[PDB]
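The block underneath contains the structure these notes are about, expressed in C-alpha cells.
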Amino acid sequence: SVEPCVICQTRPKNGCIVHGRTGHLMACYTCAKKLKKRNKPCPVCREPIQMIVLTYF
Amino acid sequence: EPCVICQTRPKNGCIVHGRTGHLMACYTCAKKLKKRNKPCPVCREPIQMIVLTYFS
Ligand SMILES: [Zn+2]
Ligand SMILES: [Zn+2]
Ligand SMILES: [Zn+2]
Ligand SMILES: [Zn+2]
C-alpha cells in the first residue's frame, strides 16, 4: 500500500514485522518498536513480533 | 515499482542484512541472487536473509 504507517498515520511503512520467512509491512519502524516493546502482537496476523527490520527502497 | 531484475513481479523480497532491509527485488529473484552468492543490489553487501513481504 502507498498509505503511511497505520499507527502514527504520518511516517512511511518502513518497519517490516518479521515472523519466520514472511514479514508484514504495515507500520513505520518506531511504531513497530513501540508494539514489540509493549509486548503487542503483529497488527496484520496478531502473531508475536519476532524481529523488526528498518526497510528502505 | 516492479522488481528491478524481472521487471514484472512486485518488490516483495526484503534483502535483510542486520536490522536494515533493502526492498528492490521480488522474492524469487532475491532467492536467485542469494542462491548464486550475488550481493545486495542496493548496498552490494551480503544477503544474510530474504523475507517474503506483504502489506496489511
Ligand atoms: Zn508510525
Ligand atoms: Zn504479521
Ligand atoms: Zn523479480
Ligand atoms: Zn542492501
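Virtual Cβ from ideal backbone geometry, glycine too; neighbours counted across all protein chains shown. Taken together, the values in this text are just the output of simple stated rules run on the coordinates, not laboratory data.
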Mind checking whether some residue in region A:19-36 is among the charged types (D, E, K, R), over 9 Å from the mean Cα position of the chain (by Cα) and on the phi > 0 side of the Ramachandran plot?
no
Filter region A:37-55 down to residues that are surrounded by 15 or more Cβ atoms within 10 Å (Cβ to Cβ) and within 12 Å of chain B (Cβ to nearest Cβ), then give me how many there are.
8
Scanning region A:18-36 residue by residue, the ones that are surrounded by fewer than 17 Cβ atoms within 10 Å (Cβ to Cβ) and either without any contact (Cβ under 8 Å) to a residue 24 or more places away in the chain or under 16 Å from B:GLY21 (Cβ atoms) (or both) total 4
Among residues of region A:5-17, those that are away from ligand 2 (no atom under 13 Å from the Cβ), within 24 Å of A:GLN50 (Cβ to Cβ) and surrounded by fewer than 19 Cβ atoms within 10 Å (Cβ to Cβ), counted
4
Would you check if there is a residue in region B:27-37 being in contact with a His (Cβ under 7 Å, 6 or more places away or on another chain), under 28 Å from A:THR30 (Cα atoms) and more than 16 Å from ligand 2 (Cβ to nearest atom)?
no
From the options A:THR22, A:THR30, residue that is of a type in the set (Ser, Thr, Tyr), away from ligand 4 (no atom under 16 Å from the Cβ) and more than 7 Å from chain B (Cβ to nearest Cβ)
A:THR30
Scanning region B:1-18 for residues that are under 11 Å from the mean Cα position of the chain (by Cα), β-branched (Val, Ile, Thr) and away from chain A (no Cβ under 11 Å) gives B:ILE5
